[PDB]
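# below is the sequence, then the experimental coordinates.
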Amino acid sequence: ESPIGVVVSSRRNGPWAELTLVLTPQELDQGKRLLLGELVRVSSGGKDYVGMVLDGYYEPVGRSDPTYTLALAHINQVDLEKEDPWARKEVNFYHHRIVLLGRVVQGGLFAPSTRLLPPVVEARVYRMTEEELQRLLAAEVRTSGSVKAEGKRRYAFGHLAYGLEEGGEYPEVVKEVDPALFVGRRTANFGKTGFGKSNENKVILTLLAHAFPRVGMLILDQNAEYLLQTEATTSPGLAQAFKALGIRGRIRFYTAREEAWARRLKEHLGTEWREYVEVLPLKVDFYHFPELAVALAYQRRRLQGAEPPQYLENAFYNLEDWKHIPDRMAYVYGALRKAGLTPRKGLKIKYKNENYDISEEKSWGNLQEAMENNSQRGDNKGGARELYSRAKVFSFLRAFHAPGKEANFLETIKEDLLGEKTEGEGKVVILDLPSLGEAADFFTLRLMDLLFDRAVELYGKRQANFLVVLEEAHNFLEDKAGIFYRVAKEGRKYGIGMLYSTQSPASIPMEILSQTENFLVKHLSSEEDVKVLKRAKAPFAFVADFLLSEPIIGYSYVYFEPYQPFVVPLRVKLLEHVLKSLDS
Amino acid sequence: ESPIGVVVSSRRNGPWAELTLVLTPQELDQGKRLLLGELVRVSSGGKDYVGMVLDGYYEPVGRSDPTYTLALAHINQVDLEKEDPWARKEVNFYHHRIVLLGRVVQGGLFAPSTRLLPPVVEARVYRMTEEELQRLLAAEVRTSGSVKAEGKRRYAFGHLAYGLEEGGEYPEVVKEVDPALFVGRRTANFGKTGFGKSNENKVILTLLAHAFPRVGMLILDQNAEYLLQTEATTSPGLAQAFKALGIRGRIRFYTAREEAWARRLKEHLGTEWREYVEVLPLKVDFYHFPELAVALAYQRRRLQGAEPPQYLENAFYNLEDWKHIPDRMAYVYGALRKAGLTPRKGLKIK
Amino acid sequence: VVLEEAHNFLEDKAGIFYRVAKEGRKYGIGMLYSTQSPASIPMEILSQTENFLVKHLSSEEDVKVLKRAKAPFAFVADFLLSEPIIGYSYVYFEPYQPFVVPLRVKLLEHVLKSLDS
Amino acid sequence: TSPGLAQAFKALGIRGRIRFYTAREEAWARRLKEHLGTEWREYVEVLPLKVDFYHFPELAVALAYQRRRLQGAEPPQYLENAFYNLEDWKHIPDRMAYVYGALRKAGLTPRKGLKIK
Amino acid sequence: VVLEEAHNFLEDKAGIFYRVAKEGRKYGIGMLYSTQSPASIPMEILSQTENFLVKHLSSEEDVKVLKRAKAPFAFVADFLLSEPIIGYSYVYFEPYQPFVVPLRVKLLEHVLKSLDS
């Protein structure tokens, strides 16, 4: 209840007002210290201001020579702490710099900065208490003289901390976050690898599922750390988090390794694991969907110089026309069978006028010979015949082919997220991208194009209401004509949110960064990464030096646009403690 | 075990916390000195910090005029050491700056930098011991309240040194690396030629080969230095190191001068050199891979303004299609034959 | 992949070596690249590099870009700029190393004599 | 609580000045009925936002030519030729037959009674 | 190979003399090239050079480039800029020479007289 020190000066340094505080020898003996980045209370003329410690330095006070006094005692082996108390009282001062961030007025409105500069005899500095700190983190910017809205329930996201220093942690001062900030808005996760990215991504997704049971998710799992993230560690995944919370029939898992994941799911979720996770195949029968086979081959590696062959281009554009002619479709099916794709039993074609059986080895030989008897003159050289002759281009499709499937998981996911009968009620979709091998990039881009077009059709009727979780976003957001770039720019108009994570803010386009609403930043060691962060968001200039020099795991700076007063340093809660708290 | 000097100032300079201390005449006469870049211990408030010596200079202490005093002592031919000791002790001070890197807490956790700034009357500076240095070099970053992870075996890489200055070499403080740091990640080697790049690269490759016998290497040797010892140097190559370590049948050497390299390998490794190194040709049959020849023609020098001919462009972009028409392949084979490339016996075209 | 004089290959952002250096971690391909001109290497590769071994550099731009890439290299700029010592290198292995460590590096002969024992 | 231009015009008594173009006429008409009342047709006029591409093929050609072009732009030659010579083609009927046939094969339903030569 | 007015042959990266300078050490071909403006030589060739014999330079760009290539030349930049002395040369042989040494070079007549004895 006493002032920390004495205010000796004040001024305005650019757009911010600052004051100088001095700690006396009597106070330093009692152990009174000020940490950097700490928030303090400044009282001047009946008004309370919000302050922050910026700098600390040593200056002589009065007519003293600290260097001569201290050096002389060392030479004479004089113990200042015990033998010469009067020489210790004249050099034991310390200075600090405090900025005035603003005020909390009315009913939680935050008035930024100030136009009144306090005189040195009217200003006092106090240490904030836990009750005051709780009301400070709830302050927010609204217009003027208006009533606070209140409303949706809030959830604890993390508690205030000032680094790893002893006494700088406040477990009871928690920042409560309304999960509505992550619905329909962009969220960026920055920081070095292995500093707490996955824990705070799973915490966000667990709060969204609990608070909003009608908002879906599309998780493109690149590192396989979202379904069962036990991963020989002790941090649970979303499937285990949902089991604890009692959420059933909301996770749909797509993978090409169904047997491997089913065994893992059984040993972690128990015998009843099918009530929480549904496993679906990512393999497709290319005989049922030959248009996917041509599209996959049309957009392959194309070593250095891009050389899309003419015969693939003709088949790519005119494959739908060929489906009405059984004569031409024989070459398409024969091309797939020649490459080595195993067909289902009983599959029959209608080459010429005789029905052949591709699945049978003897009849497949007769069809092969008949395709050479006709191919003895001009006939229809080109088009379908080119595919049959150059059928080695479909060799790589063997890994993705499963006879007798008729699934088309691309259409299944669209019905899961934007289906008419699947209206609301939530649906979490997790895709095992590594199991898709080299076709993961083709199917991910094709899926996003399919989902975005359906979201536009629903405009004026209902919103999409699903979130896109993207990992290593710098590989997808760097192209101004990419589908992910368009979603991150035009997705707010159709109720589509994005939670994209990357290790470097400098690799994201500045126009994408300037539109992101929520920022969660961890340790960054690159000068350009910090500079880009300060360029996009002005408030991040007060924590720029801390980010460069403090590799602390689990320590994050959060900022939610547009009505948050300042950047709050937080120690993000572990998912294990979130589950226990949500169990009440 | 006494403080090195007296701390006279402290502040924060950017993202780091620095302090200024003074060395007294008594300490300089006994030979107590601080090396630049040396790691020291800082005691403050019952806590230990790691500090690094960054700068040193000379500044007058008190109301003294060192220039006038020294100049007038020199002018009058006065031995300050044995004739006027008071004047000598009035000006024999030195100043040093030390930055605080962080703290070691729990069982080796490293807490970086500091949010707390020490008052000048309680801070003290001590020299580090070899045991403390060994403990400090083993510290690392981990979350909180956890134990060490340990695991795989480590191999010594080098020992701490503070330059070529005497007394700054610590052979007992070795740094041990885990070779898994080099598997699947990126490593950069910077420095001008002749200052130890090749030795470090060969040490890293030998450690990786010994520790991980399942990971291969593709070495692009532009200087012909990684296989055998270079002229005027006795530093062995990878073949000699593999022979010493007993690794057999893992090196496949590709060259266009197999005879000379075989002679050198017989000279160095001996009669049984074929159990360690396999020498292979570096030639391509261009009648079976005409695309290689077409590409080699298409990315020639093109001096000054580039001059890529149209026919070479269309060949480079349409050889795949031309491979299915006999006359185009006949023309290409005829061009190759007219160039001078002898074909294999019995080759027939259509 | 062991690559020498990497500034001739990593400069081209459309080249194969740039793509390898940027995306080889996913497929399990490692890179060890050596050069005496760090300033000609793109900042993305420098900032995403894990292990660093730095020796004497006779150019201010190289040391400046080294400091810009990683913050802990800010305390060893002058020593690198002014001291041509053979076999003396500053090492930094990411991501849990506190600071840059100066080392007199062992010779290959000593390493072999230690390994065979 | 901030009113739109339609509600402000209704408050000010300004009639027949707003012409609203949308592709969701039904939903916007529902919203206008909810907000402005039964006489919303005296203030706001809702009009479609569609084009008959069989009568304006230049719009279709311009739409196809200037599309997204992911990564580096790769404009096809035939699209450029059409984009620069459709006006000339308009005076040669059997060349226009190909354009109309392509539009038909795309899936654009035509009006009743359309004839080509 | 002894080359005069080297800036006319070393400008192009695809030239034969550029390739001889860049890759000629692996085959045992040496080069001694003379030019008046160091700023006309590409920085690759300048960084690949070992021996430097520098005389009076009056342009700031030349001395700036020379300092950028070789740091030890920053100690004699002003002397080079201000003193047109005939026969006065600063020598520096890489990579083990401590500092740049200023010399008055022996004339050919005196060299012949000394070598005869």
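Everything's here; your move. Residues are numbered from 1 along each chain as shown, chains lettered A, B, ... in the order given.

# show me what contacts residue A:369?
Listed by Cβ atoms under 8 Å, 6 or more residues apart in numbering or on different chains, residue A:369 has no contact partners. All C-beta spots, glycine's among them, are computed from the backbone N, C-alpha and C.

# next one: it from chain B, what distance?
Noted for residue A:369: a distance of 21 Å to chain B, by Cβ to the nearest Cβ, to the nearest Å.

# looks to me like that residue is in a helix.
Yes: under DSSP: H, G, I helix; E, B strand; the rest coil, residue A:369 falls within a helix.

# distance of it relative to residue A:362?
Distance, residue A:369 to residue A:362, by Cβ to Cβ, to the nearest Å: 11 Å.

# ok, residue A:456 next?
52 Å.

# with neighbour numbers in mind, choose between these two.
residue A:456 (12 against 7; other Cβ atoms under 10 Å in any protein chain shown).

# and that one, that's in a helix?
Yes: the assignment for residue A:456 (three-state DSSP) places it in a helix.

# pretty sure it contacts residue A:491?
No: using Cβ atoms under 8 Å, residue A:456 is not in contact with residue A:491; the gap is 10.6 Å.

# what residues does the stretch 201-350 of chain A put near chain D?
Proximity of the stretch 201-350 of chain A to chain D, by Cβ under 8 Å from any Cβ of the partner chain, involves residues residue A:321.

# who's in contact with the residue in the stretch 201-350 of chain A positioned nearest to chain D?
Across the stretch 201-350 of chain A, no residue is closer to chain D than residue A:321, which sits at 8.0 Å (Cβ to the nearest Cβ). For residue A:321, the contact set (Cβ under 8 Å, 6+ apart) comprises residue D:105.

# so it is in which element?
Here residue A:321, judged by DSSP states H and E, is contained in helix A:310-322.

# so what's the residue in the stretch 451-584 of chain A positioned nearest to chain E up against?
Minimum separation of the stretch 451-584 of chain A from chain E (Cβ to the nearest Cβ) falls at residue A:527, amounting to 21.7 Å. Contact analysis of residue A:527 by Cβ under 8 Å, 6+ apart lists A:548, C:68, C:71.

# mind running it again at 7 Å?
residue C:68 (Cβ atoms under 7 Å, 6 or more residues apart in numbering or on different chains).

# and for residue A:405?
The contact partners of residue A:405, by Cβ under 7 Å, 6+ apart, come to A:281, A:283-285.

# again, only this time at 10 Å
By Cβ atoms under 10 Å, 6 or more residues apart in numbering or on different chains, the contact set of residue A:405 is A:281, A:283-289, A:344.

# that one should be in a strand, yeah?
No: going by three-state DSSP, the assignment for residue A:405 is coil, not a strand.

# that one and chain E: what is the separation?
55 Å.

# ok and the residue in the stretch 1-150 of chain A nearest chain D?
Closest point on the stretch 1-150 of chain A to chain D, by Cβ to the nearest Cβ, is residue A:146, at 10.6 Å.

# now that residue: closest residue in space, sequence neighbours ignored.
Leaving out its chain neighbours, the residue that sits closest to residue A:146 by Cβ to Cβ, 6 or more residues apart in numbering or on different chains is residue A:109, at 7.9 Å.

# does the one you found touch residue A:149 like I think?
No: at 11.9 Å, residue A:109 does not count as touching residue A:149 under the criterion of Cβ atoms under 10 Å.
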